[PDB]
Amino acid sequence: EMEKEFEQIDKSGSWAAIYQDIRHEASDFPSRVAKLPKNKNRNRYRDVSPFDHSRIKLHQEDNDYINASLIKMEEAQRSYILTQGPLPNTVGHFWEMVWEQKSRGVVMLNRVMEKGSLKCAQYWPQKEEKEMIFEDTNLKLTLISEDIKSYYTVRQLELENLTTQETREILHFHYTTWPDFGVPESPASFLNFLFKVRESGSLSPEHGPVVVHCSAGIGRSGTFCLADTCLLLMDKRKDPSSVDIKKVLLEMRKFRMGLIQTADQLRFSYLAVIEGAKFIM
Ligand SMILES: Cc1cc(C)nc(Nc2ccc(N)cc2)n1
């Protein structure tokens with residue numbers, strides 16, 4: 001059981017050591033499309049690339065490339081699209097992907113500015129009356145409502161395909177209190193946030209996969225998917241303590257490189273799953 005394994009690694013201070021075995025054991029697959037010169041300005045970080053096998057393709061004939069990966073968790077019956085915070089020049093691609101994949105939710109785990117630098121383009125409208133048009137992808141986005149709480153904000157958005165005049169409601173879940181350095185002290189507000197996303201239906205098989213991002217789409221985004229999948233496997237299995245976090249992380253790393261960036265994020269993931277299990281048993 002992970003609670004005992006937690007105390008062991010903690011009392012022995014072996015988090016860097018565990019984290020390094022995961023690094024060593026992690027899959028490495030080609031990411032050739034990401035490295036084409038014509039895609040250089042579609043990537044926020046040159047060392048964070050989707051694998052060719054799991055990459056989301058835009059349905060535009062010109063250039064189908066976005067920095068985004070489909071993570072398919074077969075046993076949990078859960079999919080996620082992990083992506084980078086959009087760039088000024090990829091905001092239109094981002095909303096095209098949301099449209100094409102029939103996503104119901106967008107989960108944002110960063111602030112637009114952290115440590116005095118921009119981590120993300122402002123890719124949604126700030127006021128009801130000031131809608132955004134993406135000319136390149138022929139999409140209109142409107143803020144319908146905004147519910148600001150202490151730890152997160154939920155926004156209702158309307159996405160309109162200007163080509164076909166179809167419209168969809170998208171939910172934007174924005175966790176606003178992840179600290180600039182390190183991880184939250186307690187996983188309570190993160191778990192609350194996760195249960196809120198679940199309650200919306202955004203993670204449900206009726207809909208396309210949820211879009212999850214932070215700045216690179218590997219660190220905080222990683223913790224979100226790892227926690228959700230581990231808690232769901234604990235509901236589903238005859239023996240809940242058969243769930244090995246490290247195994248689940250390695251399975252997710254076949255789909256996108258670098259998920260969980262630090263030993264601190266790994267420790268936090270254990271804590272999130274351990275605490276979430278109480279509210280599930
Ligand atoms: C109608 C309207 C008015 C304004 C000021 N912007 C937009 N669209 C937009 C496109 C690309 C980026 N990066 C950001 C915004 N659309």
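Just so it is clear, the values below take in all heavy atoms, side chains as well, and ignore hydrogens, waters and symmetry mates. We number each residue from 1, following the sequence as shown.
- For the atom pair OH (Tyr270) and CD (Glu5), the distance works out to 4.0 Å, reported to the nearest 0.5 Å.
- Annotation for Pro187 and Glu275: closest pair CG-CG, 3.7 Å, computed over non-hydrogen atoms.
- Looking only at distances, no side-chain donor or acceptor of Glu25 sits under 3.5 Å from a matching main-chain atom of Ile22.
- Salt bridge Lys278/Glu3: present, at least one basic N to carboxylate O contact under 4.0 Å.
- Side chain of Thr262 to backbone of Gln265: a donor-acceptor contact under 3.5 angstrom is found.
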Item to check | CA sep, side-chain torsions, deciding dist, call: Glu251, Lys246, salt bridge (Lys or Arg N to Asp or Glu O under 4.0 Å) | outcome: CA-CA 9 Å; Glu251 178 66 18; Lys246 302 180 304 310; over 6 Å; no

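- A salt bridge does not link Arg155 to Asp147: none of the charged nitrogens lies less than 4.0 Å from a carboxylate oxygen.
- Side-chain contact check for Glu166 and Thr164: at least one donor-acceptor pair (N or O, by modelled atom type) lies under 3.5 Å.
- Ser221 and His213 make their closest contact through OG-C, 3.1 Å (heavy atoms, listed as atom of the first residue, atom of the second, distance).
- By the ring pair (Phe, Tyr, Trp, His ring centres under 6.0 Å) test, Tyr80 pairs with no residue at all, sequence neighbours left out.
- Residue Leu157 comes nearest to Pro125 through the heavy atom pair CD2-CD, 4.2 Å, listed as atom of the first residue, atom of the second, then distance.
- Residues passing the side chain to side chain contact (heavy atoms under 4.5 Å, CB included) test with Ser49, sequence neighbours excluded: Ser31, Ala34, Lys35, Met257.
- Taking a 6.0 Å sphere around CD of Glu74, one finds it holds 12 or fewer heavy atoms contributed by other residues, nucleotides or ligands.
- Residues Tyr175 and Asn192 have side chains that never bring a donor and an acceptor to within less than 3.5 angstrom of each other.
- At distances below 3.5 Å, at least one donor-acceptor pair connects side-chain atoms of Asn39 with backbone N or O atoms of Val33.
- If you take CH2 on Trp95 and CG on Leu139, they are separated by 9.5 Å, rounding to the nearest 0.5 Å.
- Every residue two or more places apart in sequence or in another chain that forms a ring pair (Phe, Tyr, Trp, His ring centres under 6.0 Å) with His172 is listed here: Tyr123, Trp124, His174.
- We find the CZ-CD1 distance between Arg267 and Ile18 to be 13.0 Å, quoted to the nearest 0.5 Å.
- Not counting sequence neighbours, the partners of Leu162 by the side chain to side chain contact (heavy atoms under 4.5 Å, CB included) test are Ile133, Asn138, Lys140, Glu160.
- Remark: side-chain polar atoms of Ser12 are paired, donor with acceptor, to backbone N or O of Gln8 under 3.5 angstrom.
- In this structure, the side chain of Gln84 does not engage the main chain of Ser215 through any donor-acceptor pair within 3.5 Å.
- For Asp62, there are no side chain to side chain contact (heavy atoms under 4.5 Å, CB included) partners two or more places apart in sequence or in a different chain.
- By the ring pair (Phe, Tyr, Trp, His ring centres under 6.0 Å) test, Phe6 is found to be paired with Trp15, residues two or more places apart in sequence or in another chain being considered.
- Between the side chain of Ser204 and the backbone N or O of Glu206, no donor-acceptor pair lies under 3.5 Å.
- The CG atom of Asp228 lies 4.5 Å from the CZ atom of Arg198; values are rounded to the nearest 0.5 Å.
- The backbone N or O of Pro209 sits nowhere less than 3.5 Å from a side-chain atom of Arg78 that would complete a donor-acceptor pair.
- The closest donor-acceptor contact from the side chain of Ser200 to the backbone of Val197 lies under 3.5 Å.
- At least one donor-acceptor pair closer than 3.5 Å links the side chain of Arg253 to the backbone N or O of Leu259.
- Distance alone, capped at 3.5 Å, is enough to place a donor-acceptor pair between the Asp180 side chain and the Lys115 backbone.
- When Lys38, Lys57, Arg42, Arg55 are each tested for a salt bridge (charged side-chain N to carboxylate O under 4.0 Å, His left out) with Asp64, only one passes: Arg55.
- In summary, the aromatic rings of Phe268 and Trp178 are positioned with their centroids under 6.0 Å apart.
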